[PDB]
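Just one chain follows, in the form deposited in one PDB entry, and it is written as C-alpha cells.
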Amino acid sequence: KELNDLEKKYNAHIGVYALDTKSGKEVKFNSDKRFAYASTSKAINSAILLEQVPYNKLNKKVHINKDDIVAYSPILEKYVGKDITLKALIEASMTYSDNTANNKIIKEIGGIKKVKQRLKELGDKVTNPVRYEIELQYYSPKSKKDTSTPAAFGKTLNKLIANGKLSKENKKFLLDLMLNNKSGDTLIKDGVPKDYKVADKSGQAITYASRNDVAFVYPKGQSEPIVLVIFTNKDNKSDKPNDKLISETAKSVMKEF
C-alpha cells in the first residue's frame, strides 16, 4: 500500500520516520516536514526527567497547588493542596495524558528552556518547545511553535530511550507504561501484526485534525526495537481526524521490515 495513496484516500498529510535499531535501516515519507507534536512530547519530557533521577529516588514528593492546575488533568485535580511522588507524576502523564502532570515534570527539569537545552545537546535543532499545556495544543501551520519533523523527533526518541542514558530500571518502568497504555489501541497497535509488541504515546492537537502516534515496536523474534514516528494533519482548522489512517500507515510501513 503506497503512502501517497493513503494521503488521497483520507485527504490528509502523512509524515513518517521509522528506524530499525538492529540494522539501522530507515523508512521516510515527508520526514522533514513540520507537524504539531502535541501529547507525544509527554514521552520526551518523562525520559529527560528519568535521566536525572534514579529509580530508587522516584519516591521523592512535590507539592501541588490550585495554580498548577490546567485543563484536562483527570489525576492531578485530586491533588490540590497535596503532595505527589515523581513516580505517580510520570504515571499520570503517560497513562492518563494528564496535562498538569506534564507541566510539573517540565518544571522539575527546570522549565522549557532546560528542555530545549537538553535537545540541543542530543543534537536536535528542529523540535521547538515554546508553550506549556494546553497552549501548545493550538497549532497553526503558519507557526513553528511546538512543532517538530518525523526525522528529528524519531532520532531524539532513539537517543534518549533506545540508545540513551537511562538505567535498566527507569527504561523498563517507562516502556511498561507505554506498553499498557490503552489510549493508543486504535493507532499503531491496530495496524501491526499480532505477534509484535507496541509501546506507544499518542497525541491530538486542537486544530487541523492533528493526530499523532510514536512507538517502540518489537517484531516477534528481535529484542531490538523499531522506532516509529507517525504525524498527520488536514487542511481545515476544524477537520476531525480518522484514526484508521494511522493504523493503515503502520501496516504499510512495517512491510519494509
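Basically, rigid core = biggest C-alpha set you can superpose within 1.5 Å across the two forms. Start at 1 with the first residue shown and count on from there. Only residues modelled in both forms are compared.
Keep in mind that the form deposited in another entry is not shown, yet the notes after this line are about it.
Superposing the two forms on their core leaves just one of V62, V27, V53, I206 with a Cα displacement of at least 2 Å between the shown form and the other one, namely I206.
Comparing the forms between the shown form and the other one, the C-alpha position of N236 differs by 2 angstroms or more, with the core used for superposition.
A shift of at least 3 angstroms brings the Cα atoms of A205 and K182 nearer to each other in the other form than in the displayed structure.
Distance between the C-alpha atoms of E7 and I206: longer in the other form than here (change of 3 Å or more). Core-based superposition between the shown form and the other one shows that the consecutive residues, three or more at a time, whose C-alphas shift by 2 angstroms or more lie in 204 to 210, 235 to 241.
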